[PDB]
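Here is the structure we will look at, set down as structure tokens.
6 protein chains.
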Amino acid sequence: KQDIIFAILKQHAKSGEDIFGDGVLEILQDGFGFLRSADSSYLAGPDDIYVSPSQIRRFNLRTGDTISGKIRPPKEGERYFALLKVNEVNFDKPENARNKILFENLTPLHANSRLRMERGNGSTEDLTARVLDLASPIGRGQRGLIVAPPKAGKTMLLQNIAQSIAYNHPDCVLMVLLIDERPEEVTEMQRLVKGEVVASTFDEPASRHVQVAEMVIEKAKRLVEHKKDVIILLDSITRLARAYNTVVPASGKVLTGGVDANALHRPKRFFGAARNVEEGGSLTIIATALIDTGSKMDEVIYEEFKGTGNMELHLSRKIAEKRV
Amino acid sequence: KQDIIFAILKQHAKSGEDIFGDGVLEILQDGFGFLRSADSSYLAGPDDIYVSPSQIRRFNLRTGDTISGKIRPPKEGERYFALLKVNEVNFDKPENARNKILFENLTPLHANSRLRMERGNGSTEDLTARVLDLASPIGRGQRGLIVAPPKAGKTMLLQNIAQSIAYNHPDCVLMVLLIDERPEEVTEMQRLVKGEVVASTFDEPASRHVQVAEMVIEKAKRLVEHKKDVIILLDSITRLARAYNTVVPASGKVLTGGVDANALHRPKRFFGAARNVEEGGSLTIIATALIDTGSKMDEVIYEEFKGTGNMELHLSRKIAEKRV
Amino acid sequence: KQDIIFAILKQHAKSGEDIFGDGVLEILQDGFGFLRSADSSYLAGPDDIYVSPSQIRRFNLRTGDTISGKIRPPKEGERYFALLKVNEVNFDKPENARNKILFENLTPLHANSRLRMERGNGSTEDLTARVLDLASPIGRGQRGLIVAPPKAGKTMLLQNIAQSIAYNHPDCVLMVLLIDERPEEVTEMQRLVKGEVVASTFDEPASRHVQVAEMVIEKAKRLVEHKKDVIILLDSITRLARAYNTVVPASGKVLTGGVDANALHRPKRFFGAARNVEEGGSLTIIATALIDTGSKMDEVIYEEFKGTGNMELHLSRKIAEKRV
Amino acid sequence: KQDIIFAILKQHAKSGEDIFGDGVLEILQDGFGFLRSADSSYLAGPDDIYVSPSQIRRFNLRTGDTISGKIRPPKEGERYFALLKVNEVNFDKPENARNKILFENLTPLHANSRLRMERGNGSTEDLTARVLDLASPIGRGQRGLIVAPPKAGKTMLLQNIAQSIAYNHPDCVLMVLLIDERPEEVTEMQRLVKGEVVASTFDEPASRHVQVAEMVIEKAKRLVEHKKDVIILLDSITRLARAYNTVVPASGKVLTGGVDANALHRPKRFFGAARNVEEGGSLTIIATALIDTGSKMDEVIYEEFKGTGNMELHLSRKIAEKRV
Amino acid sequence: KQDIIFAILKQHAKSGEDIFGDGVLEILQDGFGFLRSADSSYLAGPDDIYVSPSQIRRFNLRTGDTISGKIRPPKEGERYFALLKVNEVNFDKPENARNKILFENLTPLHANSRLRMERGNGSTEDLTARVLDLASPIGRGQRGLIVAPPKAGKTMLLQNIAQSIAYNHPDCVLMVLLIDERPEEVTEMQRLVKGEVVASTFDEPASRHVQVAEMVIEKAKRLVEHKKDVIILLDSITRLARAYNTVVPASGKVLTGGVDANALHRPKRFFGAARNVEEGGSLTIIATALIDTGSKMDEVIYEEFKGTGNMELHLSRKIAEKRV
Amino acid sequence: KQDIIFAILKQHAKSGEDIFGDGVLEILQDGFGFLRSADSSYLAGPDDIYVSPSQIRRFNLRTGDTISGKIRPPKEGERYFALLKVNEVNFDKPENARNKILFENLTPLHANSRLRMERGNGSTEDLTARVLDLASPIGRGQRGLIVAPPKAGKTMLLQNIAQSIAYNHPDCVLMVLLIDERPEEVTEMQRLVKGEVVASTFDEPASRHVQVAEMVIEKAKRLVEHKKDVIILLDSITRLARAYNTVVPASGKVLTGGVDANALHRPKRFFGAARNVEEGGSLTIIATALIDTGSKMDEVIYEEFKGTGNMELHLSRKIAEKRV
RNA sequence: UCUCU
RNA sequence: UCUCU
RNA sequence: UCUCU
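Residue numbers (PDB author numbering), protein chains in the order written: chain B, 31 to 354; chain A, 31 to 354; chain A', 31 to 354; chain B', 31 to 354; chain B'', 31 to 354; chain A'', 31 to 354. A prime marks a further copy of an entry chain.
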């Protein structure tokens, strides 16, 4: 059905302008970018609209903008549908990106020093009610860490966490980001939640894992800039870190296990993106960290993030025993 | 027999269009490959059909295509017979390879997410029937993983699995794959099942193991592309993974226990290839994990694959001595 | 507010010599730098004053100079406002920076050599008064080191130290420095003390931590050069050292536990900077050592600094649980 | 006596052709080869006949051919006696190497999957009668592994093994290959056996160890091609592996201990050469592996070969105690 | 006061020759050297007299000569006061360096094989009387090693050792060399001893540590050449070794811990400089080695020097317990 | 004495052919060397005879040749005296070095293969007589190995061995070699035996130890070439091996415990050089193995040499304390 | 397996 | 120290 | 933690 689209849009070049295409821009290492679609978890498609590095310079465009606009069929020598012109960069906001403050220049409101070491034992119904204090319109903008051993009831919980955030807070947009995960884990999570679920399977390369996470966080950063409240429910901060380890070029130093010291800064940055702004809006990131995985690498990631959050809970060792 | 077959086809220059020799495609780094026969496990010998970078673009040929076609005897400056024209692939015309859906673009239907760990109940029917549960109409297109210590009668089971499949589902395509194994264990398997067996012996280089597995998973995908149900029975992902590790370009320098982080992607991708398609066809991989071999890798490589399948079977640890 | 301030100074082209904007100097690798403001912890943003390699030779400018001067709006080909002339540094003329003694050339008076190890007597006055013993007239210009395990109320103490200094000695310049810390722990500190607080958050790169610390120790030295008494309260030399380690050019290859041997010099130099001058002024550094973080480095880096100060304070090991 | 030979053959260039010289060809990394003599265990001698890379291309010559032929004295600029012409490449077989099948194209007959874990305790007279089932005209073509700890009676056994193979099977040609071994161990073994004994002492370089083994196995490969039955009695597969480790250029990866993953493939190949052929003839390789040697490297080699053979025996721990 | 000197000597170029300057020459990696002053522990000063590599060739000058001589103000393009001419290279000895034997060509008188394992327990008054047998006009020219654990009373002892050498042997010149040491440790040691004390603080770089030690030993070597008796009291041979590790360019091999095998030779050479000469004079080096420091690196240095001396004492474990 | 001997030979230009100065040869990398004297342990000094690449071809000179010949005073452009002509080597003419059998070409007679491990019966006659068993007519040309822990009176024994040899067999050439040892232990040995002692001190570089050992084993071989019986008594193969390891070009990267695999060949070759010749002469090496020094290498290097000799002597482990 | 007044 | 119905 | 008749 992909080759059929190309023939329809090319011979329809008798009217001039009526081909609209959207997505979210990704800017690449060279300078140019692409518009990417959400349905396929932002996968590099042939029906992805190309974006010039020049329009990037024209519309102050940063990777993560929800660009909807006019396109034109590809000219010989090329491969993809270019961005012919621009219509709507976001909501009712004009093509102008020069009238709103950049995420990183917004004024943050801080909680307090106190790290909240919340209890890990109880029914998954209770534990969720503990983390949901980061989802309530009061406690938004916080960094939550869920420390999770194997077989400890994580998946069951995160679903419940996600499910109840959507059903209890339809006021704010939730993005469940899964990483390096079982395909069925994802589709179960997809059907379980009305909102947006973005994930990359274990057979996807680290190249993908990083990009797909880079996408959600910048998209988050952006929706905040429009005074919307966001929640990232990131499954496996440790797993994303592992990808970031293998993507950043070898600086020349490696800490214990095998992890480059330089590699940790990217996921750190992800976690530190969570804030509440005086200007209006919030990003709140509840991440999970895998522990005692039989890999010495994961322990280092943990011990590096150990108490960087606002609250964290170490889950249960009873569901790790009972199997109910 | 090698330097006499050349003499027949060079003397058959009077009668044009007559030489037949079906061989499955390979493609090398440059943008060209050759054709191979299944009886020899796709080995590189003298009498192989040469494929030009010429024909690859027109017929949209890709690694592991079941290519039958006409051949011309080697003109000087060459070393192999040359591909002259193209007959079929398996059913319709060669130009149909332009208008056929790519495997990666096939929409997969997704099953229930449950670990489904099974106990070592005794190497008999009770064990082989629960793997046939992945062969039964209901649960096709899944990733089976068999954990196995040294001397737990895995081959005894693995034969018995292969035999069951072959004598139960004629519509199904069995494709037993063995990597870095003893020469005798292969001969036994080759005669034990009337289906398709491809294997690389232990006295062979890493290059070969990878190549053989590549050639399978590629063929397997093509067979799915024609709405057919396919099952990979692979012996030792550990071996395959271990191979890849020495083949993959030495980069990153991040060695976690013994394996560079960039290696594990290729076996993971090989494994995650398994799926069930809504449009038609099945691909379901049963693979074994070598355990307690006393190698730093085999452990680490297992820890990486542990619980990535939709079922896992542990072949009797400590209970492997109960001789009843 | 960033692209409107440009518009004011470009329209103020009629009235010559009128634009004021005091910023403390930085110098990069080439032989040039910019000017920075203390409220933002000396960050690299758009509205910063550009310093030419031109003015650096005449006024003998060096990294961390408290420079106030006239500025001209950016001519094209640039990106920043340009430094036009020079007003003051803090007291006399800018040409006095030629005939002022260099910090490294100041003759230091030397105190009594005694380890002066103190016990964890309880986090109250009894603890904070013995650090004030390094702030009292008698024992100025010394290297204080606070050993601290996880959760020993160090910040509680560290605030209390900073507060004591600030409400006791108005003649003294407090300069609380935090490296790679949580965003909330910094805000608290910034409001807790009316003095000077500079900090880098954890979600920031190594580059930044080093840079921030550089900017402090440099400023601190200049303040001594004007016969003033200065106190550095630094949180985590461990963090600073850990940072430097990833910043410092990857050479030597000699990794003793996790840290290259060439790294530890920069934090050691930072620490040993503390001194008391016969000519006038004090520089006394209180710094904390993170312990039992379960990182191979944090240990090694402590073993290197252990007993390099003229006093060391261990904040309650195993006794940290006595909640009275 | 070496310089005396040169004067005799040079002034005897008045008749033309009557200087015959033999040996076994070694083909080198460049392309050319040399004919080498068996008396000195195939050592690079000045009285080694040079072989052109062109005759290598003319007579399908592969390293290991027992070439007997006419030679001529060296011409200025050269150093060695060249191969003037060719007479007999092997037995009564003409100069032609184009009429017989290459070793690797011969049809193998396989034993069965079952690895024969044979008992290690008893008099060396018994243990030998256990391994000699690989030397009997029925059980030929097998891979035998003798796993041997230090002081466990290996040398005493191997002699007995060798001695009885020659005295009980004069029908087939036996090659005892020793490696990295005591000089007197070798000369004792030489005088002990009527057949061919090829060895390299511990003071020989790895360069030699590999070559000398490469020679025996290719010579083996070749005699099989002439329908003769061969037995390699290789002392220390682990020791040969150690040399192969240090000869193959650094691929860029090292497994536990220090051994490159790539390095193991060569000795693997040696072991896998053993077969019985439908065409007539056999190669049977009984190798020994050293274990618990105080070197972690040897354990990896072992665990890599662990059960690659057809039968293996772990020797005795009683002669390792008694000293009789 | 440094810039004031330059104006006095430049306008005093109306008389020609009357500016005398001294020091001790350091020859650098390029070829040239500098005259350096003892008051600042041989620090690279702007008022250091430059020495041409040509005069180095004229007066057989080796790094460490106590050169006193005429100088001239710097010419444009330069930076420092050059060596205009030469007056006195040492004592009453003429400018000639061609009339006295080089240190390394002097005839040594040897003690005997017997290493004197002297007792480590007793009052520091006793222990000192044990080491002082290396300071008595009979026992001079010996290599002494003081093996010292932490908190074991080293500093207290070395002071006493030094103090009593100066007060009991004013006949010979003593150089206390401290390395990588607390600033107050040094100034306490300075005021404590009438003789020469040369040290580098812990905040000095390894660049300095090596140079400052290189200086004392060559100066030692030189005073011996003039028939004077010398004693080096080197604090921390292990600490100097650590610097030598990080200064010598990476040879490509590292022993256990992190120390390059090549790195140890320099401190070895230092220790081996101690001798008594038939020609008259002595160098005796009493060094200390740090042990059980929590760094695996220091143990290797120790075990490398273990019993290279003539006598050594392992200090006390009772002052390591009592604190008196 | 160095710059006056030059003056005598330059003034002896009137009388041609008169200057004598016997020195044993060395050869460097290029294809040239110098001449050396035995009293100074073959050191590189000013007054050494220069050997041209010219004379090396004609007289077939090789490293360690006992060369006596005429010399001419240094013409300008040089640095050393030049070799003018050649007198003798030891017996006949220099042109006889063309028609003399090379050491490596000498046919060795081989003795009985028995481990011959001896117990530590007490350091007296009973110990030194069993090493004299390798010096007695019957068992010449063997590899003796003395295992020795710290402080087991090895030197006491080693002297006693050397003394026995020297006062028993005047026909035999003793050649005591010490590597990386204390300066006093050497002087003692030099006077203790009237034979030949060559040694390198500990305060010397690896280069030197190797060089000294090279110079010995070479000389030793030449002495055998003249049908003479030679004995090497070497102190610490461990030291020699350790040296080589840092000298040998850093390649392979395969470090097994601490030593690169390419290193151990040079000491092994040094050791295996020992042999008995049918034609005439003996070469028998007694060498010591340093044990329990607490170095990762010394162990590994011993494990490599363990049981490579035809006898091994362990000097009292745990029984070294029985002081009777 | 960094919880926990 | 991979034995072993 | 290389002491020690």
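C-beta atoms are modelled at their ideal positions from N, C-alpha and C, and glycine is treated no differently.
Proximal residues of chain B, C-beta to C-beta of residue i below 7 Å
i        : result
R299(A)  : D233
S325(A') : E333
Same chain, Cβ closer than 6 Å to residue i, neighbours up to 5 away in sequence not counted
i         : result
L294(B'') : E334
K283(B)   : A291
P83(A'')  : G61, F62
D95(A)    : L55
N- and C-terminal bounds of the beta strand (DSSP E) containing residue i
i               : result
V81(A'')        : 79 to 81
residue 18(A'') : Shown here, chain A'' extends from 31 to 354; a query on residue 18(A'') therefore has no answer.
Amino acids of chain B', ordered along the chain, whose beta-carbon sits closer than 9 Å to that of residue i
i         : result
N142(A'') : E214, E218
Spatial neighbours of residue i in its chain, beta-carbon cut-off 7 Å, leaving aside the 5 residues before and after
i       : result
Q41(A)  : none
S194(A) : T158, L162
Run of the alpha helix (DSSP H) containing residue i, from where it starts to where it stops
i        : result
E155(A)  : 155 to 158
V116(B)  : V116(B) -> no alpha helix (DSSP H), and no H or E assigned at all.
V277(A') : 267 to 277
Contact set between residue i and chain B', taken where Cβ atoms lie within less than 7 Å
i         : result
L285(A'') : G288
Neighbouring residues, chain B'', relative to residue i (Cβ below 7 Å)
i         : result
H295(A')  : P235
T185(A'') : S143
Nonlocal neighbours in the same chain, by C-beta distance under 8 Å from residue i, ignoring five residues either side
i        : result
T93(A'') : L55, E56, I57, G63, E244, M245, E248
Those residues which DSSP pairs with residue i across a bridge
i        : result
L65(B'') : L55(B'')
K251(B') : Bridge partners of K251(B'): none, in fact.
Amino acids of chain B, ordered along the chain, whose beta-carbon sits closer than 8 Å to that of residue i
i        : result
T276(A') : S281, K283, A291, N292
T338(A)  : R212, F232
Interface partners of residue i on chain A'', CB under 8 Å
i         : result
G107(B'') : What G107(B'') touches in chain A'': nothing, since even the nearest Cβ is about 34 Å away.
Every unbroken alpha helix (DSSP H) within the stretch 279 to 326 of chain B'', with a cutoff of 4 residues, ordered by chain
Within the stretch 279 to 326 of chain B'', the alpha helix (DSSP H) runs of at least 4 residues that lie entirely inside it are, in chain order, 295 to 301.
Which parts of the stretch 144 to 206 of chain A' are runs of the alpha helix (DSSP H), unbroken and 4 residues or longer, counting only runs that do not cross its ends?
Secondary structure in the stretch 144 to 206 of chain A': the alpha helix (DSSP H) runs of 4 residues or longer, each lying completely within the stretch, are 155 to 158, 184 to 198 in chain order.
Could you tell me which whole beta strand (DSSP E) segments of length 3 or greater appear in the stretch 220 to 245 of chain A'?
Fully enclosed beta strand (DSSP E) runs of 3 or longer: 226 to 231.
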